[PDB]
Ligand SMILES: CCc1nnc2scc(-c3ccccc3)n12
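Residue numbers (the working numbering): 23 to 149.
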């Protein structure tokens, strides 16, 4: 069995910014979700080999996880906040697409997404 390469976290030719919205997405949004008791399945790419999910990457063609997002934020990968917000939403959507309602992992995603939405609701105006 085989995992795909992980999502890109480094691309020197991609133009970058460090903005107050992106700083909020690291210091508030990612940090809030990362410390949560349900974060652990989301803190790195899905290891479909060790988890015995051989169809995971047959179904999920845009993988995303908070380990990737953390690296992207810490390494200033993004131009704008929307790119990072999209990564979070991709991560939640993947979980809901792959799994069944009420599965433990879906409940975990829902708890993280509730906090994501609460924090994103107060994304600061760009300075
Ligand atoms: C985002 C994780 C995930 N998404 N779909 C499934 S079925 C099982 C898991 C899982 C549970 C614990 C640890 C690692 C993976 N997942």
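Just so it is clear, CB atoms sit at the ideal spot from N, CA and C, and this is done for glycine as well.
**Q.** Terminal residues of the alpha helix (DSSP H) in which residue 96 lies
**A.** 88-96
Q: Have a look at 104, 86 and 146 and flag the residue whose alpha-carbon is nearest the alpha-carbon of residue 118.
A: 86
Q) Can you tell which of 67, 116 and 91 has the C-alpha that lies nearest to the C-alpha of residue 104? A) 91
**Q.** By C-beta, the residues closer than 6 Å to any heavy atom of ligand 1, given in chain order
**A.** 63, 64, 68, 73, 75, 117, 120, 121 and 127
(Q) residue 93 and residue 41 - do their beta-carbons sit closer together than 8 Å? (A) no
Q: Would you kindly work out how many angstroms separate the C-alpha atoms of residue 46 and residue 79, rounded to a whole number?
A: 31 Å
Q. Given that a residue counts as buried once 16 or more other Cβ atoms are within 10 Å of its Cβ, and exposed if not, what is residue 139?
A. exposed
Q. Per DSSP, what kind of secondary structure is residue 161 in: helix, strand or coil?
A. Residue numbering for the chain in the displayed model covers 23 to 149; residue 161 lies beyond these limits and cannot be assessed.
Q: Return yes when the Cβ of residue 69 is within less than 8 Å of the Cβ of residue 25, no when it is not.
A: yes
**Q.** Member of 35, 113 and 75 whose CA lies at the smallest distance from the CA of residue 65
**A.** 113
Q. So which of 132, 81, 123 and 145 has the shortest CA-CA distance to residue 107?
A. 145
Q.
Using C-beta distances below 6 Å, list every residue in its chain close to residue 84, excluding the 5 sequence neighbours before and after it, in chain order.
A. 112
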